[PDB]
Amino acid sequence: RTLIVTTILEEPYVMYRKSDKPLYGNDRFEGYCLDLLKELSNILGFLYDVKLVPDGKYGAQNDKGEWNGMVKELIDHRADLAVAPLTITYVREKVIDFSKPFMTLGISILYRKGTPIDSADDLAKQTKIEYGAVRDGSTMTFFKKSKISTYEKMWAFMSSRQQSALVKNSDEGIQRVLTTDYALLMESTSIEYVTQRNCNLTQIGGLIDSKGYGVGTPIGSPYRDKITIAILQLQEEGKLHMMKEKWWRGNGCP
């Protein structure tokens, strides 16, 4: 009866709450995605247990084409929903069922302020500034699969030297941008959150693609359509907008 919700720590979507005593169960967590789940639970009338994905991955395929991460949890019916910044992509939609998007976004560039760099092609025609993405995430996959010239050049650079330009996670990418001469290809909603908090960083250029985050369900799940309708309701009522402004607003940067 109670639904199992797979998710992953990622600021400001899902974070451990701060407290002076050990926390248990759903009380461990806060964030945009917990607020979304509370609003979805309200509308649809389910109870839920939040479970962190045991392997700490979003969802990609190994050499055998077996999935991992939140995507695999859904496939195997070890979770009923995945509520996280899980990008809606062609390869994932073949294997699980996403709701319609609760957030739309695109890949863009995180870099330091004050420089002459203005676009992905400024990066691509040069080698002094290093640049990369989180290994095996949807942004990397976009560069890997692209047949657009500029993105191909960029993939050749990223993948070169046993992928030394890639990072394991966004926090590693951020620190590399802050310390060295490095630009991170990152989803725009995460760039917005980061630039609101570190005033030496900025987004470079616009969005190079367009995509959404959606709630994952196993293929065939009856919850996919109920959740899509509830998301559309929350969007039209201004509630998704309110939730984004609650979690993104920073107060310290020009």
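Just so we're on the same page, rigid core means the largest C-alpha set that superposes within 1.5 Å between forms. A residue's number is simply how far along the shown sequence it sits, counting from 1.
Between stretches 195-203 and 36-44, the one whose Cα atoms sit farther from the displayed model in 9 other deposited structures of this protein on average is 195-203 (core-aligned, root mean square). Of the two stretches examined, 185-193 and 216-224, the one with higher mean CA deviation in 9 other deposited structures of this protein after a rigid core fit is 185-193.
With 201-209 and 28-36 compared on mean CA B-factor from the PDB entry, the stretch scoring higher is 201-209. Between 42-50 and 60-68, it is 60-68 that carries the larger average Cα temperature factor according to the deposited entry.
Of the candidates 99, 89, 126, 175, it is 126 whose Cα B-factor is highest according to the PDB record. Which of 183, 105, 83, 148 has the largest Cα B-factor in the deposited entry comes down to 148. Ranked against the other modelled residues of its chain, the C-alpha B-factor of residue 120 as given in the entry falls in the highest third.
Annotation for residue 246: CA B-factor lies in the lowest third of the chain's modelled residues. In this PDB entry, the Cα temperature factor of residue 239 sits in the bottom third of its chain's modelled residues, the lowest group. Ranked by C-alpha B-factor against the other modelled residues of its chain, residue 4 falls in the middle third. When all modelled residues of the chain are sorted by CA temperature factor, residue 136 is found within the highest third.
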